[PDB]
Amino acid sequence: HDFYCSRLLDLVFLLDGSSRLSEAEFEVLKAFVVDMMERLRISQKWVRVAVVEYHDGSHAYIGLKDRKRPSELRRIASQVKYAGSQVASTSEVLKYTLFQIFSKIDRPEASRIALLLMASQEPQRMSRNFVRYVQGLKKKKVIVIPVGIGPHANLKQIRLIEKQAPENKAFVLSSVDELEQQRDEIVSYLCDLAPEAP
């Protein structure tokens, strides 16, 4: 509907930077992130946002404590560079979320959610400590919401995420074209997990 989110929430967008998404498909992914951010009350007192493109490493474009205006944050999200890497590592970006983004829980009153937008399957070698990163995030009360996009999304890892906590709800889409159709449902679900201000 005409829904907007004004809760105590740290929302992290993790964008698959592999060639499983074309440059075109990746523009539609960024558009979805921008569309989502337009339904957020972005502020240090309300919804804080982070945006990372992940390949075999993590490229952070927005940090939670970046004191820039929302208009500028939505622009930075719009111009996230297409990588088209051979590998996108869900393990790598969850490790990055655990040890860098949520290194310190210095805003304990807010809910913490990582939207994991995945279109690929990492080499098994890289998945060694996948479950421990997901469990590590659970122990920081970080909700991991996997969004499977294309037919190469790691369904094994989506299921492994779902089982670790009841609030780790999976969204399994056929392509990026279905993202805009579920924006209201996804943003509504994220928001209802976050507490209202006193």
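The first residue of the sequence shown is number 1, and the count goes up from there.
- Averaged over their C-alpha atoms, the temperature factors of 32-40 and 50-58 are higher for 32-40.
- The deposited model assigns a higher average Cα B-factor to 168-176 than to the other stretch when 139-147 and 168-176 are compared.
- As recorded in the PDB entry, 75 shows the highest C-alpha B-factor of the residues 95, 112, 128, 75.
- Placement of the Cα temperature factor of residue 9 within the chain: middle third of the modelled residues, per the deposited record.
- Residue 18 sits in the lowest third of its chain by CA B factor, as recorded in the PDB entry.
- Sorting the modelled residues of the chain by their CA temperature factor places residue 100 in the lowest third.
- Sort the chain's modelled residues by C-alpha temperature factor and residue 90 lands in the lowest third, per the entry.
- For residue 159, the recorded CA B-factor ranks within the middle third of the chain. Only modelled residues enter the ranking.
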